[PDB]
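# fold the stuff below for me.
(one chain, ligands or ions: 1)
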Amino acid sequence: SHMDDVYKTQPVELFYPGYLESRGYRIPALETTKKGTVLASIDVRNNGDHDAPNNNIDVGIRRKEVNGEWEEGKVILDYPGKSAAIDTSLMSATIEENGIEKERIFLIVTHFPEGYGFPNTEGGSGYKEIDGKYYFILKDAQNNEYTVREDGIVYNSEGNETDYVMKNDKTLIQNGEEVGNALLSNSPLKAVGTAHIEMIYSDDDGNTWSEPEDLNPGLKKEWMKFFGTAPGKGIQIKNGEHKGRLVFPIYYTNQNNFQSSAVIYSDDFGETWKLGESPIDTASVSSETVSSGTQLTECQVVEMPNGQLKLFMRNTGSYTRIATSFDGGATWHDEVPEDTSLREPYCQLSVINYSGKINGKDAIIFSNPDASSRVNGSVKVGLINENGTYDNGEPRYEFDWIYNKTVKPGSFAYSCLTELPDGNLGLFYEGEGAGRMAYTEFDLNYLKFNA
Ligand SMILES: CC(=O)N[C@H]1[C@H]([C@H](O)[C@H](O)COC(C)=O)O[C@@](O)(C(=O)O)C[C@@H]1O
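Numbers count the residues shown, from 1 in each chain. See the structure here:
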């Protein structure tokens, strides 16, 4: 029996094999809207649990409105064939329009054409810059280059018009008929086999979503191979000099296949994006050229009281790495320590801000498999203490890990926390077995309890 003042719901399954005709599901993401709706998005991995390639993977989402029930799941982003959309990240953000606070929900996801995934991705942005404009590259089977331009007219490398058009959905039209799709590995002209980040947004509290916008052009560097969403959530900076900025954690690989964490950020409410440096970038080390040492991969971000950023990162070492940014994620302090409270078995993790005070301190919630392996799902509570400053004027925040509660003793993999309107926490996690994506709720007391 749990203690008298404790809240913990028996886990339910929000996605499972067969649901929406999908054989497989992975990669939980969970965000709460300002209207108090919980969004749970997921990889609808149609052909099984395996990553890209050789998987028809789409984006699925479920909504639960405040004092409502889990509504039915929808596929909200679908690509031709076995082209994959993999690893989603949700972010609820607001903009003061008139004097009305308007809310937009952003989702980003990594996207690959048929035949491609992390293990075999090619390099590049997928675009050619010609006189300031970015143009979508197509390749023929003899590896010549074409670009997509005005009205989807396909130009060749000599710079002249072909008899091909590409529609937005990557459909290829030649002399009236549809002759293929640029994302399908059997198309006469193909997109570059490389990672993209695509974004969709929702203006109606998750009910409906935009068409995908490729974020690659002008953002992903030509030297990057993998370039991808760090699944979980993004955040909008609440306070400090960079209030209002959108912050989406990502990671990428260089020409040596070395993995570096970073964030992409927007100061114009998602209109344009910029790439921050990796915590891997110092004056000693460049994430472009690095080829040895601790890799920093998937990551999630929290904001300290004055707006300073903390990026928690899956990595090749034994414990979680934390990076600090003083400039809204543009750059990180040179020093990137482990937290030896946060054992890191090489798995995605979730970290979030908590809106209320806990023992009169501000707090974050963390979850991951606390073990050498993907077992022992544990949710921790971290109290934030100031303890000094930096040569540079800004406070030096440290983590007190007061609660550390096992919520799943056996298998536990990817998870994502969210704060509920009522002040409780949701957790959307892998590990219930058999492709089943589990959602549970609990309160702070649940976390205080010692087994
Ligand atoms: C493939 C992808 O885009 N993302 C996947 C990620 C990723 O391949 C990893 O971060 C890179 O490092 C490795 C492969 O060693 O790893 C997972 O395969 C896993 O479960 O670990 C699931 C996740 O969807």
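
# list the neighbouring strands of whichever strand in the chain runs longest plus their orientation.
In the chain, taking DSSP state E as the definition, the longest strand is strand 395-411. Strands that pair with strand 395-411, judged by DSSP bridges, come out as strand 375-389 (antiparallel).

# where along the stretch 1-150 of the chain do the strands fall?
Along the stretch 1-150 of the chain, the segments classed as strands by DSSP state E, counting those that start in this stretch run 12-15, 24-32, 38-45, 57-64, 74-77, 84-96, 101-112, 127-130, 133-139, 145-148.

# from these, which stretch is densest packed?
Among the strands of the stretch 1-150 of the chain, strand 38-45 has the highest mean neighbour count (mean count of other C-beta atoms under 10 Å), at a mean of 27. Where you see a C-beta, it was placed from the backbone N, CA and C, and this is true even at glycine.

# would you list the strands that that one pairs with, along with their directions?
Strand pairing for strand 38-45, using DSSP bridges, gives strand 24-32 (antiparallel), strand 57-64 (antiparallel).

# kindly export it (C-alpha atoms) in CSV.
What follows is the C-alpha trace of strand 38-45 in CSV, where atoms were taken according to Å, rounded to 0.1, in the frame of the first residue of the first chain:
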residue,chain,number,x,y,z
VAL,A,38,-2.3,17.3,-22.4
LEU,A,39,-0.8,16.3,-25.7
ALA,A,40,0.8,12.9,-26.2
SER,A,41,2.6,12.5,-29.5
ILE,A,42,4.4,9.4,-30.7
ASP,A,43,6.1,7.6,-33.5
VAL,A,44,3.4,5.6,-35.3
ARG,A,45,6.0,3.0,-36.3
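
# that one versus strand 84-96: what angle between them?
Between strand 38-45 and strand 84-96, the angle formed by their directions is 160 degrees, by axes from the mean of the first three to the mean of the last three C-alpha atoms, to 10 degrees.

# when you give positions from now on, start the count at 196
Right, with 196 as the first residue, what we last looked at is strand 233-240.

# is strand 233-240 anywhere near the ligand?
No - Strand 233-240 stays out of contact with the ligand when judged by C-beta under 6 Å from any ligand atom, the minimum separation being 7.0 Å.

# next one: that strand to chain centre, how far?
Centroid displacement of strand 233-240 relative to its chain, using C-alpha atoms, centre = their mean, to the nearest Å, is 12 Å.

# again with stretch 572-592
24 Å.

# next, the buried residues of it.
Within stretch 572-592, the residues that qualify as buried by neighbour count (16 or more other C-beta atoms under 10 Å) are 572-579, 589, 592.

# does the ligand sit close to the longest strand of the chain?
No - using C-beta under 6 Å from any ligand atom, strand 590-606 stays clear of the ligand, with a minimum separation of 12.3 Å.
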